[PDB]
Amino acid sequence: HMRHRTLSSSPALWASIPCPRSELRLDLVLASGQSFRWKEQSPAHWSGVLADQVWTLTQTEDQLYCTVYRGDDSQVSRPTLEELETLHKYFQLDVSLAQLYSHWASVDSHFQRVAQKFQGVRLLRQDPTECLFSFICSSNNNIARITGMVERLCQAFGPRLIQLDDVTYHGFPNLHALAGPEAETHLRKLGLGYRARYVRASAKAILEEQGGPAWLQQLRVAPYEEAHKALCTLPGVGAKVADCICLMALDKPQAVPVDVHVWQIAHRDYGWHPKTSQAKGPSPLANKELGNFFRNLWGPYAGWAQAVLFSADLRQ
Ligand SMILES: COc1cc(NC(=O)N2CCC(n3c(=O)[nH]c4c(OC)cccc43)CC2)ccc1C
Ligand code: NI
């Protein structure tokens, strides 16, 4: 019935935020494995869910154009001021990425080279619940398969928002929905494998053992290390997943998620080897050391620098 918008099709329905390309490149950000809910449904036009609402996003050299679909049978119109504030905080546009790039570049010749081709790679400020369960899905997995798992999970367990063309959009489920007695079996049938157990288990654990979604908001204001330890108590959440959540949803920019992907970048591009740890490959002690290595080098926004390199390492 209703259709995906472009800036030519329906130019009345869009609003804009002043934002240079040097501060934000959608195509680098929304497909770098931070969020798995965004798709380029037409060229330069990225559609995806954001807090029980669907958006489409496109950009020019110095403006970020955006439009909202409200789903319910309402009068279509441009984004409100509060909705633009939601999108401003999503991209964390208060933070000057230009000044961060040069700061990292001053102590990192490799970064300096990579920073030429890949500008405007910023961290999204994601919902903690959406981020947590998405990254439980990420273990031993790729961007394409994680996207699938998360799209099916939302169709099954989450509320319907709107259909645009063939794509039916669903919001992310609440914790109670994922914790039910049939949830593991449904999730296995939807193709998550062993991850299905961790999804249900952690949902159940956050409610019963920690008190529901407010606990994740407490971890936003708690210090990095306390939040990390707390997350590592959850089923299927280890250091890697806990750091991904810390970095991407709990405002801990120093968090450096360490698995095989930074190991490869650290070793090949920085000549890094674990010094204190004995064995030459990955281990919990060596992984921790590698996170400290990058924090020591780049400073308290170490994770934001990692994203730039990850985004670059994904592009050939
Ligand atoms: C953008 O910034 C971040 C993204 C994450 N995302 C993440 O770990 N995952 C798990 C696997 C990801 N991934 C692949 O499937 N192939 C990858 C690859 O091969 C060239 C290199 C790096 C990540 C890869 C997609 C989601 C973690 C930390 C940062 C700061
Ligand atoms: Ni070597």
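Numbers and lists here come from the model and the stated rules, or from a named source; these are not laboratory values. FYI the Cβ positions are ideal-geometry reconstructions off the backbone, even for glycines, and counts take in every protein chain you see.
Please state which one of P213, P235 is surrounded by 13 or more Cβ atoms within 10 Å (Cβ to Cβ) and within 19 Å of the chain's Cα centre (by Cα).
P213
Out of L28, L93, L100, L7, I need the residue that is under 30 Å from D269 (Cα atoms) and assigned to a loop (DSSP other than H, G, I, E, B). Which one?
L93
Would you mention how many residues in segment 104-120 are touching a residue at least 12 places away in the same chain (Cβ under 8 Å) and in contact with a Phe, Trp or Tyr (Cβ under 8 Å, 6 or more places away or on another chain)?
Number satisfying all stated conditions: 7.
Return the residues of segment 193-239 that are closer than 10 Å to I136 by Cα and within 16 Å of ligand 1 (Cβ to nearest atom); say none if nothing qualifies.
Once the filter is applied, which keeps residues that are closer than 10 Å to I136 by Cα and within 16 Å of ligand 1 (Cβ to nearest atom), segment 193-239 yields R195, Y198, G236, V237, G238.
Can you find a residue that is under 20 Å from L247 (Cβ atoms), touching a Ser or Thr at 6+ places or on another chain (Cβ under 8 Å) and in a helix (DSSP H, G or I) anywhere in segment 114-128?
Checked segment 114-128: no residue is under 20 Å from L247 (Cβ atoms), touching a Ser or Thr at 6+ places or on another chain (Cβ under 8 Å) and in a helix (DSSP H, G or I).
Any idea which of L247, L290, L234, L309 is in contact (Cβ under 8 Å) with a residue 12 or more places away in the chain and either of a type in the set (S, T, Y) or within 16 Å of ligand 2 (Cβ to nearest atom) (or both)?
Only one candidate passes the filter, namely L290.
Output the helices (runs of 4 or more DSSP H) that fall wholly within segment 181-279 and possess 3 or more residues being in the same structural domain as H110 (by CATH), or say none.
Once the helices (runs of 4 or more DSSP H) in segment 181-279 are filtered for at least 3 residues that are in the same structural domain as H110 (by CATH), what remains is 260-270.
So, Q316, is that one within 30 Å of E23 (Cα to Cα) and outside any helix (DSSP H, G or I) or not?
Answer is yes for this residue.
Considering only residues that are of a type in the set (S, T, N, Q) and either in contact (Cβ under 8 Å) with a residue 40 or more places away in the chain or closer than 22 Å to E40 by Cβ (or both), which ones fall in segment 58-91?
Within segment 58-91, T58, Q59, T60, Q63, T67, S77, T86 qualify.
If you go through segment 240-251, how many residues are within 19 Å of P284 (Cβ to Cβ) and either surrounded by 23 or more Cβ atoms within 10 Å (Cβ to Cβ) or more than 12 Å from ligand 1 (Cβ to nearest atom) (or both)?
Of the residues in that region, 7 qualify.
Considering only segment 129-148, state which residues are over 15 Å from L30 (Cβ atoms), of a type outside the set (S, T, N, Q), surrounded by 20 or more Cβ atoms within 10 Å (Cβ to Cβ) and away from ligand 1 (no atom under 12 Å from the Cβ).
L132, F133
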